[PDB]
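J.: Here's my sequence, what's the structure:
(chains A, B, C, D and E, ligands or ions: 7)
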Amino acid sequence: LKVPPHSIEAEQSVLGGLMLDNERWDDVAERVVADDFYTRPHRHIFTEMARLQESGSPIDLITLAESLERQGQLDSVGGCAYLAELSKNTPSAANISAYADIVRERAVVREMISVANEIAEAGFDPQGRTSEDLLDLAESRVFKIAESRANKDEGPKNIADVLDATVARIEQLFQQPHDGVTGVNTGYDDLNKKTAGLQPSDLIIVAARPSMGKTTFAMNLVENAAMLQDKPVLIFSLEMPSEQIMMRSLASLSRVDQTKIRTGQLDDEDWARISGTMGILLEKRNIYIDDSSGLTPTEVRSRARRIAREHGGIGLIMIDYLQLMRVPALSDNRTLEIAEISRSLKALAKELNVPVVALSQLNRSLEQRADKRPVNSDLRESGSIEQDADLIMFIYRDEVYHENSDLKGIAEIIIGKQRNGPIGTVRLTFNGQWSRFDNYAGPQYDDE
Amino acid sequence: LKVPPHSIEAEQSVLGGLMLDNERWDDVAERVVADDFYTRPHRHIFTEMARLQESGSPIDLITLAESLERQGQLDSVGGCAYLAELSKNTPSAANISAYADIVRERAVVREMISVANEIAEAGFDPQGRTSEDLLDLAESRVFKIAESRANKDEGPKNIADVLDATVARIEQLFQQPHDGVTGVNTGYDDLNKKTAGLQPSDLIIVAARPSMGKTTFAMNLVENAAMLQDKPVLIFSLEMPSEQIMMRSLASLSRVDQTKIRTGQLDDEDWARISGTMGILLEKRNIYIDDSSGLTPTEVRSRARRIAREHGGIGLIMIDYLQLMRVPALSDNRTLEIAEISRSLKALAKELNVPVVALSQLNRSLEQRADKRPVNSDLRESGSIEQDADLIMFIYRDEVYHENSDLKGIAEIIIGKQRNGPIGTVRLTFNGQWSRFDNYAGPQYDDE
Amino acid sequence: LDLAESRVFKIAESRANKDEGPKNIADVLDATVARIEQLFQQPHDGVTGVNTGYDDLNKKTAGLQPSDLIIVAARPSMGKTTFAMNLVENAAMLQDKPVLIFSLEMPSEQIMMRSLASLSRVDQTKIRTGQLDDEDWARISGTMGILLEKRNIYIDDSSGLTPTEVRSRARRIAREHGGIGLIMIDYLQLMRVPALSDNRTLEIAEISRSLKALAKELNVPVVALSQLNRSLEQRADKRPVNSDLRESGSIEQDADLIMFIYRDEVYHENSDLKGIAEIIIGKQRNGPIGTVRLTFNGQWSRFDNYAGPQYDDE
Amino acid sequence: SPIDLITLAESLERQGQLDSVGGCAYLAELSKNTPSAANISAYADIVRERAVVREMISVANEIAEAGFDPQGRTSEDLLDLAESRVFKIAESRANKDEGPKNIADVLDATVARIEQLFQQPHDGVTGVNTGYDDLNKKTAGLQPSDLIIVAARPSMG
DNA sequence: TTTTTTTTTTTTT
Ligand SMILES: Nc1ncnc2c1ncn2[C@@H]1O[C@H](COP(=O)(O)OP(=O)(O)O)[C@@H](O)[C@H]1O
Ligand SMILES: Nc1ncnc2c1ncn2[C@@H]1O[C@H](COP(=O)(O)OP(=O)(O)O)[C@@H](O)[C@H]1O
Ligand code: ALF
Ligand code: ALF
Ligand code: ALF
Ligand SMILES: [Mg+2]
Ligand SMILES: [Mg+2]
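T.: Numbering: from 1, shown residues only, chains lettered A, B, ... in the order given. Ligands and ions are numbered 1, 2, ... in the order given. Below you will find the coordinate block:
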């Protein structure tokens, strides 16, 4: 006698919370309905609660008991004793939303079980229905379950939208071409335009071959975010110690030769710039760095939670880098370890609702191709990283692979994957002297 | 005990008929497999019969009995007496197809029952899995049954039926006058004469050197097709943004300077022409644009299928251009990538029964020859493009190479390939200022 | 050990050589003499294989021999499929056994229209456009009647056909009609082998080997088409040779007959050989190589025997 | 999700693990017996101490068993195994340090270190001199803690 | 279950 899956405790908690806190009815109304309660008395009680709320009466023990007695259904549920027990057994109504979600889970699972039972009954007795008929019946039954998935738009915009956009742009060419920055500012006009800033809850993967300025680009983004927001930002520099990272940051901010900074060959003017940068940084105090080695995802999550709770959230998270993270449980298979790391980081980003720039590295096969511009598959263990990543940005430098290149000092940031925006190339001016990236002010090349 | 549905008599009839006629094995083979039989002895017997058939030996009572005995399976299946009973109980093999289909039906019904039971059990015990995991499991399981029963092959076709279909289609064509243009009207007299319009299922290729107006002629053709049909058209502009494509389309339709539209220098007359074109398009709403780059053939196929299903077919598809599509699986081999892209697009055209005009780029070695008129070998990454293409049109502008050209303002569309027609040249008047191609009304040059 | 080895030798190879294995020269000579006396008993015109329907081609090949692989190659637009369908039609009309066509390249409709244009000697453009007069309709009706009388041609336009599927269908047709007179494949590179999909060359080699094995098994000619490489067009002389095949290596090594289609008119607009197509037999196991001239009526999409002056083969 | 009696109990029941942990009665006992979570850090540290002690005992027992039964392994192999086992436990405790605690101290320390490096008037080479003027200029010598890889085809020197 | 290595055969430039 396999009892249908259910949760007496969850239903009791929801009912008690409704008896205690009426204000959270709406949060419960959207999640669950009367039918979702496995036990019929709970269905009756929720129906009466809905009727009282619709009439505007408050939901409490006395009013609910009176209303149920007036309907003669009070005996069917258990009277003042049972309703008082329902109100009593709830630890707190603050978690009524979670109980409602669990009840919805149970209701959906029971619906799936009933659908399976109906399909099995149809299979046992086709009643002259063809195999095609039974398959279509099963598919129709299952599609009811997948109503909460949808597909949204896949790209095809009709002629009317094209005309509207064309007219708007032709008119705004005379006007000011604003960007529309909503996310965390990237500090660069074109990148902000194509990305609308670093979207919260979205996983961003910056990839490049080593020595391409991957860490440099990430640090520049983090510094720009810190100077353009008050919320703290977080960095996990497993690859390098905090000292080198801070030296890079100071060299970029002060626009001074990082070689001088490292060597200590600093003049009075450069020293004054460094002092000003130090003052600005110690004024902000919105940057946090961890020089830990071999961090596991759980440690990163716990530390991020600590910092967010202490400072009421985090503006940005940075990880340097994915392939350094360790999962001793999945050490046997590297690919599974990487996939689990990526999934955990994505879940962390969603839970904290903060942009997360986690760095990644490419397989050598990229350099075997005639064109060395990276693509999505070039990621090492691209199987899972590409799937989990919401935004993927590749860093390329033609000057690196061609000393006679005409694009000297130019770095290409190619958005190769973007769920909520367009892919494409962007150009930036790379000053290796300061290890910095700047908005590209050169002639615009057509994106062909 | 709800026994799974089965038909033992059908199985025995099939086995006896096979024992009585080897020639009807294939009919049974295409309909059922060994695992389909409800009883394991029948599965073993069918497997042994298949093994005998692969060896070419005649399938009979004694041969089957010996084969099973050599595997120690004789007494397991009931001995020689059971096989003799099976052979005796079957009068004839005439209705063997019906019995095989019955066995297939019972096996698939049992499969459906098993899948439903599995889904129900998983719903009962998620084992910590989220709901969506179970829902996707159910969807995949149902899809497996749906795809398993797939006799998706028309098989060998006698010439009589093909002749009848061809004659019916030819008579249908002869019925409705179309001025010789069977496919969607191109809007150009000589091109229609040489091609009878872009026929259904074709993958048309248009190629040209840079700055030759490669996209311009294709856009003019798409405009002519859309204005001359009720079916929708879809344009994959992997090359240029939708804005520029729409601006070029408006310039061609209204014959307004492209520079003015790009710069916004629109006067009352030009603005009125543009407004009329906008009204015409908003009345039509038969044009769809997708500017996403790096698209796989899979994405193009899915997006074309969406339009076909929503709007009851497609009139034309346009792709700008082939060399921008990406196949991640074969990325490291560009030639394999191009072959896959070309073959997949040809299959898409055939499946949708709609012309697919996809553009391509040429090689520089063309410029080194005495005659700059392009041929098939001049294509870049050429191996598969010609071999898959149906109608290949090369755009040639001597004015670009010779400012002393006697054919200024004239562009030659050379038919480098036409499976169902002759080859030759079509001269057209090219208005670069308006970005349009028009029928050439000047002196006629007889082809050599 | 020597005794045990000898004892096992008395079993394994002793039994293997009887039914199979190395055939002693006596049986081979007996079979050869039987075949020779079979030819002796049957007076023929010299075209032992299925008649190609063309004078010089039949002379140089003596008809399409059983069990042999024939590879008709050309650049696209050179009428490879046209010539192949002409050969299929001639074989069907000159024999009673059925023929089977695998038109992976094109749908059955286009191939059938081409065949009707060739047989009725009617313009392809008119048939495609439906601009047919009464005489053309009468010719097409007569051809339809002839074909519906013959009932000896079968077509399959299924895409992604593997060699195993082709073999199964060929066996099915042979059992249905007691064998096959000819098989036509259009074309090789469109066949699929998922096992060797990683290496294209290995896939092509396996396809070629499987088709040759199929031809040997069914004792029927199998004409499979292929496509060349563009390096051919980079040479001064554009006449195709063996090296010009795409995925070349295995194909020639498996082929018994190789015919390259050349059209000087295609590459030379001022060609003096307009309307003349050169079928170059570049490989022939049991005969001489050389060039043959044919008249190509692209309007009717047909190949006919060249009735013009014969040029000495240098 | 919130960690509470009801949600935890149902989560375990979803994996059939509730009755394995003593059930709802045991969970209620656990919830009741704890007065408050103020001293939770001390309890976690105590649990960590006990777990590490058990780990040390297990490693010692394994080493003793291997010594009793080398199974043909030489002494060096057993000593290296013991070395690795002890080093693993030693490294497993590096969880209190190396974290992104309040940045202000870290920034001050890093800036102070940078100032210290500046004050030391080196001749351009702050690390192990490579002995070559241009290489030292481009690299400032072989820096401490840094991994340097010199590569070339064989026979290149 | 993956990264390497490095044969071999092809295509393409
Ligand atoms: N003094 C300098 N002058 C010019 N370029 C420099 C200087 N210092 C560092 N760089 C550049 O900064 C880049 C940073 O390299 P690295 O951080 O290892 O790359 P990634 O973080 O992308 O793996 C190097 O590729 C180097 O060219
Ligand atoms: N109406 C016509 N007039 C003249 N020639 C034609 C006509 N229709 C087709 N052709 C010729 O028939 C040939 C068939 O091409 P195709 O079958 O693609 O060659 P292949 O099969 O060798 O690749 C074309 O090269 C074309 O020149
Ligand atoms: F070499 Al790096 F981030 F500096 F991959
Ligand atoms: F173009 Al083809 F056979 F018709 F190669
Ligand atoms: F690789 Al060597 F001497 F270091 F041959
Ligand atoms: Mg770095
Ligand atoms: Mg062809």
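J.: For the closest residue to ligand 2 within the stretch 301-448 of chain A, which non-adjacent residue is closest in space?
T.: When scored by C-beta to the nearest ligand atom, the stretch 301-448 of chain A has residue A:370 as its residue closest to ligand 2, at 29.8 Å. Quick note: C-beta positions are derived from backbone N, CA and C, even for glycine. Computed as C-beta to C-beta, 6 or more residues apart in numbering or on different chains, the closest residue to residue A:370 that is not its neighbour in sequence is residue B:334, at 7.2 Å.
J.: Same check on residue A:292?
T.: residue D:98 is the one closest to residue A:292 (C-beta to C-beta, 6+ apart), at 4.1 Å.
J.: Neighbours of that neighbour, how many?
T.: 14 (other C-beta atoms under 10 Å in any protein chain shown).
J.: any idea how far DNA strand E is from it?
T.: Per C-beta to the nearest atom of the strand, to the nearest Å, residue D:98 is found 29 Å from DNA strand E.
J.: State whether residue A:357 is indeed within a helix.
T.: No - assignment of residue A:357 by DSSP: H, G, I helix; E, B strand; the rest coil gives strand, placing it outside any helix.
J.: Quick check: it touching residue A:319?
T.: Yes - counting by C-beta atoms under 8 Å, residue A:319 is a contact partner of residue A:357 at 7.1 Å.
J.: Check the stretch 201-350 of chain A for the residue nearest chain C and tell me.
T.: Proximity of the stretch 201-350 of chain A to chain C (C-beta to the nearest C-beta) peaks at residue A:335, 19.7 Å away.
J.: which residues touch that residue?
T.: A:381, A:383, A:384 (C-beta atoms under 8 Å, 6 or more residues apart in numbering or on different chains).
J.: what about it, distance to chain D?
T.: Distance, residue A:335 to chain D, by C-beta to the nearest C-beta, to the nearest Å: 25 Å.
J.: repeat for residue A:180
T.: For residue A:180 relative to chain D (C-beta to the nearest C-beta), the value is 32 Å.
J.: Likewise for residue A:117?
T.: For residue A:117, the distance to chain D equals 21 Å [C-beta to the nearest C-beta].
J.: secondary structure element for that residue?
T.: Following DSSP states H and E, one finds residue A:117 within helix A:96-124.
J.: which helices and strands sit right next to that helix?
T.: Helices and strands touching helix A:96-124, by 3 or more C-beta pairs under 8 Å, 6 or more residues apart in numbering or on different chains; DSSP states H and E, are helix A:8-20, helix A:25-31, helix A:131-145, helix B:96-124, helix B:131-148, helix D:5-14.
J.: hmm, 7 Å instead?
T.: helix A:8-20, helix A:25-31, helix A:131-145, helix B:96-124, helix B:131-148 (3 or more C-beta pairs under 7 Å, 6 or more residues apart in numbering or on different chains; DSSP states H and E).
J.: Which residue does chain A have closest to chain C?
T.: residue A:365 (15.0 Å).
J.: Residue B:332 is in contact with that residue, correct?
T.: Yes - proximity of residue A:365 to residue B:332 meets the contact threshold set by C-beta atoms under 7 Å, at 6.1 Å.
J.: Any chance of the backbone angles for the residue of the stretch 301-448 of chain A closest to ligand 2?
T.: In terms of degrees, to the nearest 10, the main-chain angles of residue A:370 are phi -60, psi -50.
J.: quick one, what contacts the residue nearest the centre of chain A?
T.: Among the residues of chain A, the one closest to the centroid is residue A:201, at 2.6 Å (C-alpha atoms, centre = their mean). Counting by C-beta atoms under 7 Å, 6 or more residues apart in numbering or on different chains, residue A:201 touches A:349, A:350, A:353.
J.: Check the gap between it and ligand 3 for me.
T.: Residue A:201 sits at a distance of 25 Å from ligand 3 (criterion: C-beta to the nearest ligand atom, to the nearest Å).
J.: Check residue A:113 too.
T.: Residue A:113 is 50 Å from ligand 3, by C-beta to the nearest ligand atom.
J.: what do you get for residue A:15?
T.: 55 Å.
J.: Which single residue of the stretch 101-250 of chain A ends up nearest ligand 4?
T.: residue A:156 (32.0 Å).
J.: doesn't residue B:304 make contact with that residue?
T.: No - using C-beta under 7 Å, residue A:156 is not in contact with residue B:304, being 9.5 Å away.
J.: Let me see the contact set for the residue in the stretch 151-300 of chain A that chain B sits nearest to.
T.: Minimum separation of the stretch 151-300 of chain A from chain B (C-beta to the nearest C-beta) falls at residue A:159, amounting to 4.1 Å. The contact partners of residue A:159, by C-beta under 7 Å, 6+ apart, come to B:281, B:285, B:287.
J.: Any chance of those residues in CSV with distance to ligand 4 as columns?
T.: As requested, the contacts of residue A:159 are exported to CSV (distance: C-beta to the nearest ligand atom, whole Å):
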residue, distance to ligand 4
B:281, 37
B:285, 37
B:287, 31
